[PDB]
Amino acid sequence: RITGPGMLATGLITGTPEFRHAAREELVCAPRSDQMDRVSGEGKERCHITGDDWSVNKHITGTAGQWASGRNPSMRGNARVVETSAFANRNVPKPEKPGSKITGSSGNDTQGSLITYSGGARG
Amino acid sequence: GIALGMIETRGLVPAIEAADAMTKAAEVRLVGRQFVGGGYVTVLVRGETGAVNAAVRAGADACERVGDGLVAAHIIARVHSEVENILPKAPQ
Amino acid sequence: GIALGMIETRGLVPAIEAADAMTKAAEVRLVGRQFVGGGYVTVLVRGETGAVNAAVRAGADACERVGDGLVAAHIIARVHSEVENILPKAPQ
Amino acid sequence: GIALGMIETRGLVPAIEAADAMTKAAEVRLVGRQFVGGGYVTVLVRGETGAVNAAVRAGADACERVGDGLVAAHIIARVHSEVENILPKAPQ
Amino acid sequence: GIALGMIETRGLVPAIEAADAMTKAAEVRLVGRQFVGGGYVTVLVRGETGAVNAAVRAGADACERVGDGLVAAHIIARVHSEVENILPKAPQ
Amino acid sequence: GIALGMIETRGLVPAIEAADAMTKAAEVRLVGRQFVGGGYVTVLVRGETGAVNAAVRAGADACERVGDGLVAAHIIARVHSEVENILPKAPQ
Amino acid sequence: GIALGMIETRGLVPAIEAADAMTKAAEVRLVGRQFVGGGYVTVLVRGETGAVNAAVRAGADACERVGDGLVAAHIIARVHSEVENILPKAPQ
Amino acid sequence: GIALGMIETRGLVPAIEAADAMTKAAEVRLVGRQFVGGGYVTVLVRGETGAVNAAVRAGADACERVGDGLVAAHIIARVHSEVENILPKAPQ
Amino acid sequence: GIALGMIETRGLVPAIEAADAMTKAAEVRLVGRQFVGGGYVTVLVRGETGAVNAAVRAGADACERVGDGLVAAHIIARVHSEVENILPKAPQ
Amino acid sequence: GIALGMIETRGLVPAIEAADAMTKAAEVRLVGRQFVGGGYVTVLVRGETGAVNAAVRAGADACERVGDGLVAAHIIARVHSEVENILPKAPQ
Amino acid sequence: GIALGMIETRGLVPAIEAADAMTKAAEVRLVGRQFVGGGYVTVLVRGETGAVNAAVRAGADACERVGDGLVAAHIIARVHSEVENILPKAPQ
């Protein structure tokens, strides 16, 4: 009925006037492969040190566990991560490889790594 | 104008198109363009509330299908005085 | 204020909305906004324990659906004196 | 010299190849190169509307097959005055 | 003490919660907070070998479920003099 | 030497290996290392077309299996004058 | 010595563990710790070929399980004179 | 105020009613009335984006049931300089 | 600001809530709070048309369930010049 | 303190009881008593957010069954400076 | 310019929206706006062929649903020198 810049981006905009919801919301050390430790050096628990070690059983209580996490209130949220990085883009879709049809002694290795000259042509 | 309208995008090309449509589409001044790191680029404008609503809507619609695309398009009609400390004043 | 309120987000638009909601909701001071990197933006506030608790709840709800969204909303009633050195004093 | 041609690539090698193809194809100036972060790189060129339509197409084709590739190819025929602030004038 | 204990986390909020937990848990002194990049924050403490181990385990538990979580937790009882050059001394 | 040879890798280790292999293979100048962001590290050389054709190929073969890998290996025998502004002239 | 040993890791905690293991294992000199970006952290050691080879092997095993793990572990017996410009001379 | 609000109608009576409704409803100056030909009469008003939005809505609601009716209601927040020389500059 | 927005409530506690929400939502001036008598209290604000709209929506939503409730939430884009005399300019 | 806690009742007897229970329970100063009219009485306290939250709760429980009863019990942790104009500074 | 772009619409509200979209999109000079009679309003823009193509496409898209509608959108790269006589040189 009324046209103008208001009609655009109906779902995308999040703002103050109408979007705001109303009245609603064997071995001494355990196998390296089959073991992973909380602390990763010096405090590693893989190796069964026997004696008066600094390890703590379930009977003792304090300094770790609920006695550390519970102190400070916290909340968590499901925000969306794409992880744009060189590692993440290591499987990015790519166009068909350039093909070399040069017929001269060009040192043209078509079995090695892709060396693209200007325009994306292989060489 | 004290209203704030921010549009966030993955990459710069969608942001510059969003800024172009945002400014062409109403009275708004491009106060800042911030690289958030990780790809995210935020372009934010200032103006009167009605103008910012039109500018933000134009930007979100324009840049929705440019490059990686739109992440956020948000409006704050009056940002608290504290928040002004973390907002750019003139474009850079 | 001793209490520290923290809200992390994926992008700057949710961070600004969170900071605006935090400051509006209660008596908090926006000590700093930090660009952690790789798309993370963290907003820090300091105030009395009661205010920070109210502000952080307002911030988490405000930015929950804005942009990529909220990562963490954390409250620390009293930081150890050592931690004070790694916290921003004033925003920039 | 008002049309803006922007090519965004994942990495810098495709960005440089796109820049070389764009400047070779048409009579366009390479205003700037920007590291958007997160692996994005954007190359912007300025020229006549026809020259920037040819350069962008030439650049997009060239950098498609180089490394991670092209994320976006965009043309802004008329660029608003405000946007000029966030547009680099010359390449650093 | 000279033993070094480090906790790595995704985002600054779990990093600060860790540093708060380690400092409060045992007799350790916070010495740095590094922004590794990519949304990774490392908090390093120094103290007696026993104290550092107790602090780091407490910190790991504390930041394990805050925000994007915990990446690593490490203690080096004795650090070679060479590695002292790539370690922060006092938090800035 | 006016030709340009660029190699982009995921990380600094393959980049340094690529840089070493290229400079050791032919008579080329290592003129820049560029942390593009998000891990991408571009190392680019300037030399004769034959020297840079043989340097880039050796570098690519050397850094392909090192670390995360090799993103792109590119050669531009003739570089447009405009693109010369966005190319390093000496190591950062 | 001129032999160069480079170890790349995801995060800093593995890098510090790697550097500690390397400097402890053999007579190598830690010359730099580079934050590549994207999370990668690269520690470079210079020494005699025998010492660097021993140092890198010890480092690769020590940091493999720490944090997000190891990305690369490389040895270059002789580094070209050109590359040494892009190699840090001493840690910072 | 640089926003333009236009309300076409069939016949003059709905146009005069729309012109009266729009000006009374909000702060908009009536730039003109053009007899488009074929029984279409367009009334154009200028003002702030928010004012024009209120005026145009009021005008459309007033002329909907007056005579033949409403053809178009449109709001242009920003008018390009070119379009100026085709609009009625003089209010009378 | 020409535009006027009035919220009427049963009691004063809802009126104060509406006034706080309105002034926080957008850029408006609380020009008066009137005790109509018989339980009604009317808080009315002045501002731009766009800001006033955003303000009254927030005020209506905020005070809807506080105390007895909300009686009326009215928006006038521009009052007649005559009605300006019976409107407060600053609160008593 | 700046947090505002308002309790509204039908009649003065519950309002005075609310003031007594509120002021006794926590550390909040009684800033105003307002006769809205129609039988409504409003008692206003100002204090720290934690202090105000305990006081409003105590007052509400206390006046809930005294006379006609409790119309409302509201807390505003931070009142906009505009609303400060319409609030009593001290009691009558 | 030589390229001629024409858009015909039913009424002046669909024509003004096109004219605004045309000149905004590309650097096209608006030469004429003709009331053909019978409720047809034609807008002619003159510019470069590349600029006119973008202008007409933008103009046609913007006013397809604005008012009674778009009749047609026609681009002529170069008109015969004879047809220049029946074209409007400047807007009325």
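No Cβ is skipped: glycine too gets one built from the backbone with ideal geometry, and neighbour counts run over all protein chains shown. Laboratory data are not the source of any read-out in this text; all were calculated from the coordinates shown.
With a cut-off of at most 12 other beta carbons within 10 Å, and DSSP calling the residue loop, which trypsin sites (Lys or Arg not before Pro) in segment A:33-78 qualify? Please list them. The qualifying sites are A:58. Sorted largest first, the principal axis extents computed over the alpha-carbon atoms of chain A equal 75, 70, 20 Å. Per-residue ellipticity at 222 nm computed for chain C from its helices equals -10000 deg cm²/dmol, with DSSP H segments shorter than 4 residues left out and the rest contributing -39,500 (n - 2.57).
Seen from residue E:46, the other residues with C-beta closer than 13 Å to its C-beta sum to a net charge of -1, counting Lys and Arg as +1 and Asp and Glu as -1. Per-peptide packing, taken as the mean over residues of other Cβ atoms within 10 Å, places A:83-92, I:12-21, G:52-61 in the sequence I:12-21, G:52-61, A:83-92 from highest down.
Among residues other than residue A:19 with Cβ under 11 Å from its Cβ, the summed charge is +2 (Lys and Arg +1, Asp and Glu -1). The P(r) of chain D has a tail past 18 Å containing 35 percent of all C-alpha pairs. Mean per-residue shielding of peptide G:17-29 is 4, counting Cβ atoms of other chains within 10 Å of each Cβ.
Taking the protein assembly as shown as a whole, the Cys residues whose C-beta sits 4.7 Å or farther from every other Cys C-beta are B:63, C:63, D:63, E:63, F:63, G:63, H:63, I:63, J:63, K:63. When the Cα atoms of the protein assembly as shown are aligned to their principal axes, the ranges along those axes come out at 96, 96, 41 Å in descending order.
For segment F:15-63, relative contact order (Cα pairs under 8 Å, six or more residues apart, normalised by length) works out to 48 percent. Segment J:17-92 and segment D:27-85 have Cα centres spaced 62 Å apart. Counting beta carbons within 10 Å around each of G:10, C:29 and listing the fewest first gives the order C:29, G:10. Peptide F:46-56 has a mean of 1 when you count, residue by residue, the C-beta atoms of other protein chains within 10 Å of its C-beta. The relative contact order of chain G comes to 43 percent, based on Cα pairs under 8 Å that sit 6 or more residues apart. Nearest beta carbon of chain K to the K-to-C rotation axis, with distance in whole angstrom: K:65, 17. Each of residue A:29 and residue H:89 was given a label point 7 Å from its Cα along the Cα-to-Cβ line. The distance between the two points is 8.8 nm. Take the convex hull of the alpha carbons in segment G:46-92; its mean projected area over all directions comes to 4.2 nm². Taking only Cα atoms and a 10 Å spring cutoff, compute GNM fluctuations for chain I and point out the largest among I:47, I:38, I:11. Greatest mean-square fluctuation among the candidates belongs to I:38.
The reciprocal of the average 1/r between distinct C-alpha atoms defines the Kirkwood hydrodynamic radius, which for segment D:1-55 equals 10.9 Å. Take each residue of peptide I:80-88, count the partner chain Cβ atoms within 10 Å of its Cβ, and average: the result is 0. Using Cβ point charges alone (K and R +1, D and E -1), the dipole size of the protein assembly as shown about the Cα centre works out to roughly 880 debye.
Electrostatic tally near residue K:88: other residues with Cβ closer than 11 Å to its Cβ, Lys and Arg +1, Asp and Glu -1, net +2. Shown for I:35, J:35, F:35: other C-beta atoms within 10 Å of each C-beta, ranked fewest to most, produce the order J:35, I:35, F:35.
For segment J:46-67, the residues whose amide N sits under 20 Å from a probe point set 7 Å from the Cα of residue I:65 along the beta carbon direction are J:53, J:56-57, J:60-61.
Give the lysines reachable from residue D:24 as a straight Cα distance under 26 Å; neighbours fewer than 8 places away on the same chain don't count. Correct list for residue D:24: A:94, A:97, A:101, D:89, F:89. Estimated purely from DSSP H runs of n ≥ 4, each contributing -39500 (n - 2.57), the mean residue ellipticity at 222 nm for chain A is -500 deg cm²/dmol once divided by its residues.
A simple rule links phi to the HN-Hα coupling: the Karplus curve 6.51 cos²θ - 1.76 cosθ + 1.60 with θ = phi - 60°, which for segment E:41-56 gives 10, 10, 10, 10, 10, 10, x, 5, 3, x, 5, 5, 4, 5, 5, 4 Hz, with x for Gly and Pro. Remark: I:23, I:9, G:23 ranked as G:23, I:23, I:9, counting other beta-carbon atoms within 10 Å and listing the fewest first.
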